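Q: Supplied in structure tokens, the structure appears directly below.
The numbers here are math on the coordinates, done by the rules we state, and not lab data. Every residue, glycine among them, receives a Cβ derived from its backbone with ideal geometry; neighbour counts consider all protein chains shown.
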Amino acid sequence: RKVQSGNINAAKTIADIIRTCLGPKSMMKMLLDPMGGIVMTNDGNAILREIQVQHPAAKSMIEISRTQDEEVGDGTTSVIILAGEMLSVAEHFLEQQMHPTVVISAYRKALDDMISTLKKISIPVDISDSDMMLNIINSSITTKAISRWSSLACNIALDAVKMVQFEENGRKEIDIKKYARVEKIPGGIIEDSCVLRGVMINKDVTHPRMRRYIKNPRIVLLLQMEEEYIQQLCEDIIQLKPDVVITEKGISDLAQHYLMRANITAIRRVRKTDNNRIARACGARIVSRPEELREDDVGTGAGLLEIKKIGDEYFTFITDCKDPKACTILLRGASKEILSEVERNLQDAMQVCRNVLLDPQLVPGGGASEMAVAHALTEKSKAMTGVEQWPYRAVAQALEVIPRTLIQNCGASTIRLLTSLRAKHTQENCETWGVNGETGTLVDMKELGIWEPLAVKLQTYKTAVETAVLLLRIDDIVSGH
Amino acid sequence: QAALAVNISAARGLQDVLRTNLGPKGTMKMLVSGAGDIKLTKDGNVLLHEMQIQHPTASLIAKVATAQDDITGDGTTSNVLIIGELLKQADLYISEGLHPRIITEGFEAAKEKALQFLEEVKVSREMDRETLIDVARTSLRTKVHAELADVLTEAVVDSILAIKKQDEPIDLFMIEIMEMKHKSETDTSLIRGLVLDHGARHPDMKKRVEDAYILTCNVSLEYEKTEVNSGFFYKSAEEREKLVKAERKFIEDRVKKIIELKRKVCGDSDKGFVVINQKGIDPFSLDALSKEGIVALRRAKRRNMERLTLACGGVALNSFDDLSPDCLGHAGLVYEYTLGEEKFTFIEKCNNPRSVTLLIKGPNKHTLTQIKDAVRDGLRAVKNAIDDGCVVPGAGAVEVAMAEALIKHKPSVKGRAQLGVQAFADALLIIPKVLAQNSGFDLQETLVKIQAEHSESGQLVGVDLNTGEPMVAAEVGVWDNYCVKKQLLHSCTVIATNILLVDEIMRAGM
Amino acid sequence: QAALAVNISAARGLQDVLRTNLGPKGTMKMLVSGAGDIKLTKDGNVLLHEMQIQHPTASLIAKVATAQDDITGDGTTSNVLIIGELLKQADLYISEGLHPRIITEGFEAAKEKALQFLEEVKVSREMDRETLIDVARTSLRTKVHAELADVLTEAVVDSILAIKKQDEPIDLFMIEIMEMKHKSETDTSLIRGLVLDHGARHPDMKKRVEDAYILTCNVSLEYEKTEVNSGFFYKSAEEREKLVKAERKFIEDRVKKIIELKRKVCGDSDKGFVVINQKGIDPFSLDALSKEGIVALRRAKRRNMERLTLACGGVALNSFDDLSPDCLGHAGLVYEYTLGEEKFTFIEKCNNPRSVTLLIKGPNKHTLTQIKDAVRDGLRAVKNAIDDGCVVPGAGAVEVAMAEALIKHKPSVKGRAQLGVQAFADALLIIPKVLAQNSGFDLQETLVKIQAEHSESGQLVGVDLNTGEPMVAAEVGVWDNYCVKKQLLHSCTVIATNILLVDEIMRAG
Ligand SMILES: Nc1ncnc2c1ncn2[C@@H]1O[C@H](COP(=O)(O)OP(=O)(O)O)[C@@H](O)[C@H]1O
Ligand SMILES: Nc1ncnc2c1ncn2[C@@H]1O[C@H](COP(=O)(O)OP(=O)(O)O)[C@@H](O)[C@H]1O
Ligand SMILES: Nc1ncnc2c1ncn2[C@@H]1O[C@H](COP(=O)(O)OP(=O)(O)O)[C@@H](O)[C@H]1O
């Protein structure tokens, strides 16, 4: 049992760090760097990322959180707290002399009940209404510098995921890494930012003889004996008379001598993902090599070709008036610090739209979703025949820590309000009577915008319980390779 | 809670350090560089940005003055003292069991009440010569030995008025700083033009020219390399010197057009000409131009050539083949003053050079650099007085009138937020308490004196540094900028929020 | 200055110790004697007078609460709390460079200003049954476990009301406090008469007498010395028995003298007789008097004989040869009470005793001593309520109103003493801060609501322990004595003046 208890204190201490780093009143932390420096951040994602830990059970908590950051850019603070609080009940592991398998079956049984309980307090959303989506996304715009342009961030965040979603395939897959490439352009301000309705390539301009502005471009996707192939591979492209030569690999110096002779734009170092968006934008086709081109490899339907030097930096705009399962964001700012604020804050809002569009269902946040769940499992434990009911009730008492931290971070009497918070869920409906993060007192969530998506909490409790299962399944540490 | 007590006790020590060097009655501090240089100064930003502190927590407070200096450039000494007293008072409430987050909202509410009270104390009077003299005396007193107060007051004020007119936005680049040795400290004065480092080296140059034309150029008249497609075709060492004259032939002919440009452009007596070529000039080329009385300068800095275009008007020329009289400048009494160590050229008596130079004089380097800190600190206070026409009375008159308002302020945000307002009020009152110790008077007698003054009209009293009586800072000539006090309410509260929000301290590899 | 920092932090630690036993909702402290005795109590006088403290500086504060308990009888816990907070706030200014002499001048001005503030808020309500119950509720609630409140409240109120008439001042010696074991704790009630430890023990005695003439005696009815010019001289054990026949003539003949007085004064039926002799009695004298309907008691206390003179009215006698009818008393129901093991005499329903008996009942020894002090601490709280016709509201309502008067007050003597008034303001507000913690609620949130309560009228606002909202102490029946707060502010300023003026600490042996 010494190894069973070692994973408790290994995770209980990690949860203690980010216990007060939750909510809009999240407390800051002081991390002493080895060079005497101090970082005064408050995000639990970056705090534990730099802190080196000695126990292996605590190192798994970091690998689990990073995978959560890719799915949803928030809520990861509670992922470790619930997994740390679920394992903090040592009365049922060692003092009661129960097996770990006894408790794993109890948590897995409680997992299926928590999932159904969160869907009972769900609510549909009308994504067609941009005003109803503004109340949802504002949960991340508050307490930020982007609050001055909240309406602009709403238009940039909500409409961008609509371009990535392809609802004809049935699954309605949304991928931010491939179809939502966010790029920056110097010059301008946050107000000057807009969403490009097409593809933008970050290729700088090397030669002066290139088509600067064309309203109907044409895109083509792909000493003696040395210049033999170079002149021929370049002469097969001008048969279609293009305006921008988009190559996958790098172009040689002599092959560019014919690209500048033609006074056409020369683009290179383009991914395979990037060319498919172009082929779907202007209807072109990706050919293996330049020598086997056909008539279909043209840019009919393209918006315009512009490689203008905007903000002392060239940018190839090949946008169009279509949404070819892709999008491109144009972030404008006077400085890099301001650009770094809008670039990262929109990624927190852009991922919230991903959860709503895949499943338009919300949940009452601010401690309301936990009490709605913990109240359902407590009454169910009195009628659950089996020894698993005891650890089944510990989950009802352990999930109360999420609202406990929000009231404790505010400084109000957490013991007085949390006990009365149970009565609101006991008598009245569980979909209301939440907790105000800023004020600290109780308030209903229908009147406030603390509503979180459904996919954020589903991955939370699935990964919070799965983390405790993986840690309680351990009983010995093996050293060797 | 014990982890938060470290950052409280950490800044408490930094409060006890930077409390004695506030004001002219305050002390100075030394910077032991270890290499052989010693510096003396009072400005807290200099005591933290260049200094390295023992404690790690106090090192974070050092960066506050770094960001604060970019906005206002002054008041960094009083910023740490407000921060030190805020967390000192807040510790008495946390010791009873109150959370730090409740106290921070109390400061967030006190910020608006204190910032809103700032609109009433500031005066929108017209800034004139007599008004800025009161401003320069308030800043420069804390950087000199009470003897250069009237000396440097007249220099900093006239430097600003001579470079800004017609509501033009002013810039600090227009004022150049120079230092010279072998003189006394009270001989600081102003310069109409720009003082150049390297002068001419020939006895035939005119020591002073009442009127001379300027010509901006960047062509090196020394023995240069070949310009055309040729080479050194020779057979002995004697033939080598013959082709040296060929590489000089392209150079020697270009200097002969300069004399032609002088003879055509006012080639009559009672005239002059001064060349400001940045690149070197050969002793033979100077010998040819010195016969005509042309005072040619060489080996100047790139910064002076840019300022020479503004003061003299001559456009920079890159080749003597395109020599034209259109790029000719003009200067007044052009001379070279002889000092004990080196000679330096003067181009004074310009009509509107759009650039002045405050010529500092001091015997020692630590004294010369100390005055350099007083100039840039005294100039910016006047820059903030004209660019922002609103100014407020010093002597803690703003802090005391604000502190009296916060006590008579009800909670308009939250209930327990009033406790932070009680603490923020006791923090601003440390300024009259600090200056009471530097003056040597009782710390408590100074406080109740300025606080007992009440009337049915505008009454803002202050501390009398010499007597300790409650004296009006507005009438005696003490005025502070509106942006300086504005940053204290934003910097001291935002920083004090970040220190109280720390719950635990974890070593990330230390 | 270092001589003060040792004394400053000495009280701060003493503040954190005794703050958890203020009010009913606070905790208790244990007293480990080392010999076998253990005691529990919240009254600070017992935590300081009988307890031994390690520091000598804190030992001087113990003698303050000792004299404070002798004057008012309550409030000694908050006396040390204000003292610990006065030096806490004084240290905040001492760090800046203020001498302690000016701070004492500020307390002197605020002490006289606050004493004037009591004259405005004090309520001179008429003393009656309903009002004193509200006062006794305040004194006894903090000395029990939240169950003996209503039980003991009616006792102390009716006890003092029984011994107060004709505008006579109050005296604590007019109440005989007795204790009984082998019973529960909630059986504490009032006894109109006087309870005697030892009584008559013979089968031929009456179980109860409706009416009996009590005869007071001090005569020895056991084997005594020879009363004539003779002595005890014998040669064997049988000859010694002949001397018993001679000596017992001084004891046996005195038993019949009581019988002659019985047939003389009301010797008919429907009557009785009770002998309350202080000395011991022989069984032959018990059997002789038991048959005659005469109840003979022995082994009484010296003070019980003094109260017995008042109960019946018979004057104390010293010899039965000097017996007369003038020294005969009269009382009502005279019977014997039965406990689990022992039995006691009860002479209730007296004519004009002018002396009541508060009979305490409890099962344990250490719990009986807790109620022993609560009786003396409860009786004295209401004692000052009637002797002092004016009272003040409780619930810490005087402290929050006092903070409003002193902040809105400027010294007319000097300026620098104004800060001493600022310290005295935050020092008085520690009581609502302490009780907010003993109740389990937030310390500062309770202080905001009671301080924020204002109106265009005379508004008395206090602390609610059950909910934490502003409570009007006059509406709920929460009141104190006027001499308590007057002695509080008059005492706490003198001690803070004596300690802060200590410049150096020299080791004098
Ligand atoms: N305005 C608010 N009021 C009350 N609770 C809030 C509010 N905003 C966020 N929270 C709570 O804070 C928790 C953490 O939110 P968030 O910061 O988005 O995730 P993380 O802390 O993991 O970065 C959520 O579970 C939510 O219930
Ligand atoms: N004798 C004085 N009378 C009135 N105010 C003074 C006096 N000496 C200093 N001060 C105040 O101290 C403040 C800070 O001065 P200084 O230390 O020179 O700048 P900083 O604190 O930014 O380094 C000024 O705003 C000034 O009003
Ligand atoms: N339940 C309560 N709520 C608020 N205040 C109380 C309560 N009980 C007592 N007090 C206050 O506490 C003070 C001390 O009461 P008490 O315990 O009788 O004296 P001590 O604490 O010295 O033993 C009184 O002045 C009274 O106003």
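Q: Inverting the mean 1/r over all pairs of different Cα atoms, compute the Kirkwood radius of the stretch C:356-407 and quote it in Å.
A: 14.1 Å
Q: With the calculation restricted to Cα positions, what are the radius of gyration and Dmax of the stretch C:193-353 in angstrom?
A: 16.5, 55
Q: For the stretch A:324-481, max minus min Cα coordinate along each principal axis, in Å, sorted largest first?
A: Between the extreme Cα coordinates on each principal axis of the stretch A:324-481 lie 62, 56, 36 Å.
Q: Quick one, what does Rg over Rh come out to for the stretch C:88-226 if you take C-alpha atoms and the Kirkwood Rh?
A: Taking Rh as the inverse mean 1/r over Cα pairs, Rg/Rh reads 1.21.
Q: Once the dipole of the stretch B:193-353 is set up with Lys and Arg at +1 and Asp and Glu at -1 on Cβ about the Cα centre, which of B:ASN352, B:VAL219, B:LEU289 lies farthest towards its positive end?
A: B:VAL219
Q: Then there's this: Counting residues in chain A as N, plug N into 2.2 N^0.38 Å and put the Cα Rg over that result.
A: It is 1.20.
Q: Karplus couplings for the stretch C:472-477 from phi (6.51 cos²θ - 1.76 cosθ + 1.60, θ = phi - 60°), rounded to Hz, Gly and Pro as x?
A: 6, 4, 6, 7, 9, x
Q: Report, in deg cm²/dmol and to the nearest 500, the calculated mean residue ellipticity at 222 nm for chain A, where each DSSP H run with n ≥ 4 adds -39500 (n - 2.57) and the sum is divided by the residue count.
A: Helix contribution divided over all residues of chain A: -14500 deg cm²/dmol.
Q: Continuing with this model, one more query. Give the long-range amide H neighbours of B:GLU504: residues separated by 5 or more places, or on another chain, with amide H under 5 Å away, using H modelled in the peptide plane at 1.01 Å from N.
A: Answer set, sorted by chain and number: A:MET30.
Q: Along the stretch B:329-342, what does the Karplus equation 6.51 cos²θ - 1.76 cosθ + 1.60 (θ = phi - 60°) give for ³J(HN,Hα), rounded to whole Hz, x for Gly and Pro?
A: x, 6, 9, x, 6, 9, 8, 10, 6, 8, 10, x, 10, 9
Q: Please list, ordered by chain and number, the residues whose modelled amide H lies under 5 Å from the amide H of B:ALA331; skip anything fewer than 5 residues away on the same chain.
A: Placed amide hydrogens put B:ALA212, B:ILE214 under 5 Å from B:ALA331.
Q: Still on this structure, please answer the following. Can you tell me what share of the DSSP beta bridges in the protein assembly as shown is antiparallel? A percent to the nearest 5 is fine.
A: 60 percent
Q: Let me ask something additional. Distances longer than 18 Å among the Cα atoms of the stretch A:182-233: what percent of all pairs is that?
A: 62 percent
Q: Still on this structure, I have one more. Between 0 and 90 degrees, rounded to the nearest ten: what's the tilt of helix B:302-312 against the longest Cα principal axis of chain B?
A: Compared with the principal axis, the helix lies near 80 degrees.
Q: Of A:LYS203/A:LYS308; B:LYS122/B:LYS383; B:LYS301/B:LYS372; A:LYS12/A:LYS59; C:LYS143/C:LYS164, which sit over 23 Å apart, Cα to Cα?
A: Those over the limit are C:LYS143/C:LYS164.
Q: Once the other residues with Cβ under 13 Å from the Cβ of A:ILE415 are scored (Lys, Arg +1; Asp, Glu -1), what is the net sum?
A: Surrounding charge for A:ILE415 is 0.
Q: If I model the stretch C:288-423 as equal point scatterers sitting on the Cα atoms and use the Debye formula, what is log10 I(q)/I(0) at q = 0.15, 0.17, 0.22 Å⁻¹?
A: For the stretch C:288-423, the Cα-only Debye profile gives -1.02, -1.18, -1.42.
Q: Over the protein assembly as shown, what lengths in whole Å, largest first, do the semi-axes of the equivalent ellipsoid take, defined as the square roots of 5 times the eigenvalues of the alpha-carbon gyration tensor?
A: So the three semi-axes of the protein assembly as shown are 93, 48, 26 Å.
Q: If one computes the Cα centroid of the stretch B:310-375 and of the stretch C:66-125, what distance in Å separates the two points?
A: Centre-to-centre distance over Cα atoms comes out at 72 Å.
Q: While we're on this one: Over the stretch B:193-353, what is the mean sequence separation of C-alpha contacts under 8 Å (at least six apart), divided by residue count, expressed as relative contact order in percent?
A: RCO, the stretch B:193-353: 41 percent.
Q: Now, a different point. Once the Cβ-Cβ distance between C:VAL228 and C:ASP287 is put in as r, and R0 is 25 Å, what FRET efficiency do you end up with, to the nearest 0.05?
A: 0.40
Q: So, one more: Report, ordered by chain and residue number, the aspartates and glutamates lying within cross-link reach of B:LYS235, taken as a straight Cα distance under 14 Å and ignoring same-chain residues fewer than 8 apart.
A: Counting by Cα, and skipping residues close in sequence, B:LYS235 has no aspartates and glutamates nearby.
Q: List, largest first, the extents of the alpha carbons of the stretch B:1-90 along their principal axes, each in whole Å.
A: Taking max minus min along each principal axis of the Cα atoms, the stretch B:1-90 gives 44, 27, 26 Å.
Q: Okay, next question. Relative contact order (percent) for the stretch A:338-416, with alpha-carbon contacts under 8 angstrom and 6 or more residues of separation?
A: It comes to 26 percent, rounded to a whole number.
Q: Now for a different question. May I ask for the angle, rounded to the nearest 10°, between helix C:56-71 and the longest principal axis of chain C, with both axes built from Cα atoms and the value confined to 0 to 90°?
A: Tilt of helix C:56-71: around 60 degrees.
Q: Taking every residue in B:444-451, how many Cβ atoms of other protein chains lie within 10 Å of its Cβ, on average?
A: 5
Q: As a test, work out the antiparallel percent of DSSP beta bridges whose residues both lie in chain B, rounded to the nearest 5.
A: In chain B, DSSP labels about 60 percent of beta bridges as antiparallel.
Q: Suppose only helical runs count, i.e. DSSP H with n ≥ 4. What mean residue ellipticity at 222 nm does that imply for chain B under -39500 (n - 2.57) per run, divided by all residues and rounded to the nearest 500 deg cm²/dmol?
A: Using -39500 (n - 2.57) per qualifying helix, the result is -15000 deg cm²/dmol.
Q: Additional query: Report the extension gain between C:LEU339 and C:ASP204 in nm, rounded to one decimal, defined as 0.36 nm multiplied by the number of residues separating them, less their alpha carbon distance.
A: 46.6 nm
Q: Can you work out D for the stretch A:1-132 in µm² s⁻¹ from Stokes-Einstein, where Rh is the Kirkwood radius over C-alpha pairs, the temperature is 10 °C and the viscosity is 1.306 mPa s?
A: 92 µm²/s
Q: Let me ask something else. Rounded to the nearest 5, what % of DSSP beta bridges with both residues in chain A are antiparallel?
A: Of those bridges, close to 55 percent are antiparallel.
Q: What are the GluC sites (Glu not before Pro) within the stretch A:61-116 that DSSP puts in a loop, where the Cβ has at most 15 other Cβ atoms within 10 Å?
A: Qualifying residues, ordered by number: none.
Q: Determine the sum of side-chain charges near C:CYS350: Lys and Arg each +1, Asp and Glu each -1, restricted to other residues whose C-beta is under 11 angstrom from that of C:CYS350.
A: +3
Q: On average, how many beta carbons from a partner chain sit within 10 Å of the beta carbon of a residue in A:31-44?
A: 4
Q: Write down the Å³ per residue value for the convex hull defined by the alpha carbon atoms of the stretch B:380-459.
A: In the stretch B:380-459, the Cα hull volume divided by residue count equals 142 Å³.
Q: Distances over 15 Å make up what percent of all Cα-Cα pairs in the stretch A:345-390?
A: Of the Cα pairs, 64 percent sit more than 15 Å apart.
Q: So which GluC sites (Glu not before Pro) in the stretch B:414-497 are both in a DSSP loop and have at most 11 other Cβ atoms within 10 Å of their Cβ?
A: Sparse-neighbourhood loop GluC sites (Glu not before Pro): B:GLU456, B:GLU475.
Q: What dipole magnitude, in Debye to the nearest 20, does the stretch A:274-335 give about its Cα centre under +1 on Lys/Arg Cβ and -1 on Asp/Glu Cβ?
A: My answer is approximately 220 debye.
Q: Take chain B, drop everything but the C-alpha atoms, weight them equally and run the Debye formula without solvent; then report log10 I(q)/I(0) at 0.12 Å⁻¹ to two decimals.
A: -1.07
Q: Identify the trypsin sites (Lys or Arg not before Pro) of the stretch A:381-454 meeting these criteria: DSSP loop state and at most 10 other C-beta atoms within 10 Å of the C-beta.
A: Counting only loop positions with at most 10 other Cβ atoms within 10 Å, the trypsin sites (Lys or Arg not before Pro) in the stretch A:381-454 are A:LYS382.
Q: Averaged over peptide B:295-306, how many Cβ atoms belonging to another chain are found within 10 Å of each residue's Cβ?
A: 0
Q: Okay, next question. 7 Å from Cα along Cα→Cβ at both A:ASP126 and B:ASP16: what's the point-to-point distance in nm?
A: My value for the distance between the label points is 6.7 nm.
Q: Quick one: if you stick a label point 7 Å off each Cα along the C-beta vector at C:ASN352 and C:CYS266, how many nm between them?
A: Calculated label separation equals 1.7 nm.
Q: Return one number: the angle in degrees, 0 to 90 and rounded to the nearest 10, between the long axis of the Cα atoms of helix C:482-500 and the longest principal axis of the Cα atoms of chain C.
A: Once rounded, one gets 60 degrees.
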